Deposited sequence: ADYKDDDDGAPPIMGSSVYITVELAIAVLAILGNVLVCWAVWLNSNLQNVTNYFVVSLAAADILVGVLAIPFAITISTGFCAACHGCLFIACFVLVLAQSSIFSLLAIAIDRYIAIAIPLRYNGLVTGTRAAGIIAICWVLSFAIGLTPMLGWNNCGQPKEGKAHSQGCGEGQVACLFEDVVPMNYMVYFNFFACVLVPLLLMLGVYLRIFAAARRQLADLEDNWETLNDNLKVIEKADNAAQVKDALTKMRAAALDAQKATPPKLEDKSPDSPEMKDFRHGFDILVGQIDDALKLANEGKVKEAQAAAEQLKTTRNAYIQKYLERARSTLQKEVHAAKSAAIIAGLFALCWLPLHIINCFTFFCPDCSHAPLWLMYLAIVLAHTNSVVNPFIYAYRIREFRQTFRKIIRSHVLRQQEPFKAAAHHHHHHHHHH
């Protein structure tokens, strides 16, 4: 049995290094949003809320984790607070991640009403509510769902603790049925699964809109060919009405002028078609190609480019949510083994330390994801560091 202070020294040193990086990187995120108006939007207010949770992991949760690794003597409910505080920060992160996903879904699904529905003032209120709920959920053991009524008195005596004190260790004070059923299943797993459902809807909505744009583009070009090889006015009329509906569906200044020219030219040709003048209708329909080459294809390309950027932004957000799940799931899975398999030897202490370090590393990774995936953050980071 090697001296406990040695393996402790490795765990503590790694924890302190992570805390430094979590503070530095996420302070940079907050400084960037504060300074760049192009970064000031509802999505990034939740990003800042998430960065604040990660700053508090470095300032508070990691010092608390180091403290409760020692098993020092503490009043049981004081031990409970420093043990449970990381649950507040993890819960706040989950709420911010879910809010970000929902924000991106509103933007892709109803962009015309996004600016009227999703405002900064409503966002600040949601953030406040989510922090209150995070304290309520994370500190629920302090309301009585704890093991302080049944302390490990033999462990307390062997450490010289006073009366009312326990050896302060996470699993000795926080009940495992709370950790598995309430914290993991209900408060972590269910919101992560909801997030997965939201992102599936976001990418399904984007794929559908990028299909719908190509279908309307195909309908405009296909029916142009139908008119050229038509032989009577009724075939021209049929293909023109289909073009007119495709044009109005695709419509939903230089943008409006291009579609006004298009529908007007379709109407010009339809009037000729209704009068039985096929050759004049076809010549009129040929004028549409000039409008298509100078306006309509430009709208189709820019609409595609806007959709691709929304997909890119949703993928960046989903990566962040997925990395949260990756870094936190090992701890929750270990707790499931401890709880559901009392015939299994407890996960060894080195593995507990590794799982805790991994969870804490998640508070380091988001600034790197923003830097590598969002140009506006990356360029703002560069200016902050240079200047």
query: Stretches with no C-alpha atoms in the model, relative to the deposited sequence starting at 1; finding: 1-8, 261-276, 412-434
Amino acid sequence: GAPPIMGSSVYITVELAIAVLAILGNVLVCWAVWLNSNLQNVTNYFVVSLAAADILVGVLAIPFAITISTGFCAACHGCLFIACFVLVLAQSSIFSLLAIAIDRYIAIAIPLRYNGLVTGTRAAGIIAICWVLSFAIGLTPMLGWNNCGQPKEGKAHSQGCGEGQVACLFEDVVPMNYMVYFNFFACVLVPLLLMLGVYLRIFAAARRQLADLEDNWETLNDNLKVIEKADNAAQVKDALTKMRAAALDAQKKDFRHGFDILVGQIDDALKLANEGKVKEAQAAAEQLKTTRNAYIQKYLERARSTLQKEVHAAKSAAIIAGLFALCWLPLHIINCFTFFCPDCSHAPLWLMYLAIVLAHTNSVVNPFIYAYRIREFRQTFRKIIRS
From here on, numbers count along this sequence of modelled residues.
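Take the two forms, superpose them, and find the largest set of C-alpha atoms that agree within 1.5 Å; that set is the rigid core.
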query	finding
RMS CA shift, core-fitted in 7 other deposited structures of this protein, bigger for 298-306 or for 231-239	231-239
Comparing 29-37 with 329-337, the one whose average Cα B-factor in the PDB entry is higher	29-37
Between 340-348 and 60-68 (mean CA B-factor, as deposited), the higher	340-348
Residue selected from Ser316, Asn293, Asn177, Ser92 by maximal Cα B factor	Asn293
Peak C-alpha temperature factor (PDB record), options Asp103, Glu301, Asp172, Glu310	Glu301
Third of the chain, ranked by Cα B-factor, where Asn146 sits	lowest
Within-chain third of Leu194 by Cα B-factor, per the entry	middle
Chain-relative CA temperature factor third for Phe203	middle
Chain-relative CA temperature factor third for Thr219	highest
Third of the chain, ranked by Cα B-factor, where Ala123 sits	middle
